[PDB]
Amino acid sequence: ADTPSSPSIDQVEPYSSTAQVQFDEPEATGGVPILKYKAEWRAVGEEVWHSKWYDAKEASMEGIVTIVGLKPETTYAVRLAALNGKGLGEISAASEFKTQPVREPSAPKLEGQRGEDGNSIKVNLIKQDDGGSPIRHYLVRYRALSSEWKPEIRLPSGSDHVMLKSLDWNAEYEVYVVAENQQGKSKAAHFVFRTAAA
């Protein structure tokens, strides 16, 4: 019959463009189960508050609710409210945070695996911290030691591996993989291998 009491904010882990808000359910539900959570955030200096609804069942099974699309290095204020059949409840105290800056991506971990034949190798990618911004491409470079670099390969962020077929036999190669985002390139992850004799 009543509206919910305020949710309580426990954590606010800020990232570059997203922020994870950890909270506790309201002490009082008002008499009707909590259906959704209204998140409100505002850039320090703005008047209007941005909002978004979150499903109560999913929110509680996660313990968190992630607000997205924020600007890096900005001070924000964020608060919550619970909505039940009767209506919207009292809003929480406004927690304040500042988002992190976008940094270059860290290097990916590389894992070698056998390819179809002895003169080929498959390099599996193990993703790493991207710096706070989506990864644009993966730049792969390789060569047979003491020899020229084959043409550089560009890979989509979603790529999980890179195959290097039709190589020279009984030859030693080195592969360089770099992760790149809107901010720049990462340190290169190198990997060295040797094809079979025949």
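Note that residue numbering follows the sequence shown and begins at 1.
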property	result
Mean Cα B-factor comparison, 129-137 or 148-156, giving the higher one as deposited	148-156
Selected stretch [higher average CA B-factor]: 104-112 or 83-91	83-91
Cα B factor band for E40 (lowest, middle or highest third within the chain)	middle
Chain third (lowest, middle, highest) by recorded CA B-factor, residue given as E25	highest
Among modelled residues of the same chain, the CA temperature factor third for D117	highest
Record-listed C-alpha B factor of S60: chain third	highest
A171, C-alpha B-factor rank within chain (lowest, middle or highest third)	lowest
